[PDB]
Amino acid sequence: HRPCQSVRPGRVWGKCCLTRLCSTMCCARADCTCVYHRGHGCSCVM
Amino acid sequence: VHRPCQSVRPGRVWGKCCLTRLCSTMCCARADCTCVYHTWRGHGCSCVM
């Protein structure tokens with residue numbers, strides 16, 4: 001349902017972004033989409 | 001991997017996810033564990049030690 005990323009080698013719990021993941025960036029809110037080019041980032045409702 | 005993403009606390013955009021296998025609430029030691037039901041103790045994992 002979302003990418004699950006490893007935290008430490010060995011740990012069974014990873015981390016995941018609850019809102020929107022834009023490359024490596026987890027957006028502040030769910031109502032954000034991704035922009036890429038500045039730099040990659042989140043575009044969110046004003 | 002791709003997994004269900006559980007919230008840890010309000011306001012936080014990063015949640016947690018079980019990289020192995022989830023047996024209801026329990027994240028198992030290994031991806032190859034399977035889920036059991038223990039009478040009086042509930043859902044759990046059974047794993048190759």
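Structure first, text after, so check above.
Basis of the calculations
- Residues numbered from 1 in each chain as written, not as in the entry; some residues may be left out.
- Chains lettered and ligands numbered in written order.
- Heavy atoms only, no water.
- Residues with missing side-chain atoms left out of burial classes, pairs and counts.
- Disulfide = S-S within 2.5 Å.
- Buried < 20%, exposed > 50% of the residue type's maximum accessible area, 1.4 Å probe, protein only.
- Contact = heavy atoms within 4.5 Å.
- Helix = DSSP H or I, 4+ residues; strand = E, 2+ residues; numbered from the N terminus.
- Nonpolar A, V, L, I, M, F, W, Y, C, P; charged D, E, K, R; others polar.
- Pairing = 2+ DSSP bridges.
- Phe/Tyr/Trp six-rings, centres within 6.5 Å; stacked < 30°, edge-to-face > 60°.
- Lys NZ or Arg CZ within 6 Å of the ring centre and 35° of its normal.

*Asks:* Where do I start with the state of the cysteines in this structure?
*Replies:* Such a bond, covalent and formed between the sulfur atoms of two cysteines, is termed a disulfide. Going through the model one piece at a time under the given rule, you end up with ten disulfides over all chains. What pairs with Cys-32 of chain A in a disulfide is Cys-44 of chain A, and their sulfur atoms sit 2.0 Å apart. Looking along the S-S bond of the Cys-32 of chain A-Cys-44 of chain A disulfide, the torsion reads about 105°, which is the right-handed sense. The disulfide bridge from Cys-18 of chain B ends at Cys-27 of chain B, spanning 2.0 Å between sulfur atoms. Because the torsion about its S-S bond is 90°, the bridge between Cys-18 of chain B and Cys-27 of chain B counts as right-handed. Each member of the pair, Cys-18 of chain B as well as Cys-27 of chain B, is classed as buried.

*Asks:* What exactly am I supposed to notice about the interface of chain A and chain B here?
*Replies:* Where interface size is given, it is often the accessible area lost as the parts come together that is meant. Chain A puts 20 residues into the contact, and the matching count from chain B is 20 residues. The biggest single contributor to the side of chain A that touches chain B is strand β2 (residues 13–17) of chain A, with five residues. The residue inventory of the side of chain A that touches chain B, partitioned by class, reads eleven nonpolar, six polar and three charged. Sheet topology note: the strand β1 (residues 2–3) of chain A/strand β1 (residues 2–3) of chain B ladder contains two bridges and is antiparallel. Residue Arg-2 of chain A lies in a different strand from β1 of chain B, and its bridge partner there is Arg-3 of chain B.

*Asks:* What's the story with the packing of aromatic side chains in this structure? I'm lost.
*Replies:* We describe a pair of aromatic rings using the distance from one ring centre to the other and the angle between the two ring planes. Enumeration over the complete set of coordinates arrives at zero aromatic pairs over all chains. The cationic tip of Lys-16 of chain B hangs over the ring face of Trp-13 of chain A; the distance from NZ or CZ to the ring centre is 4.4 Å.

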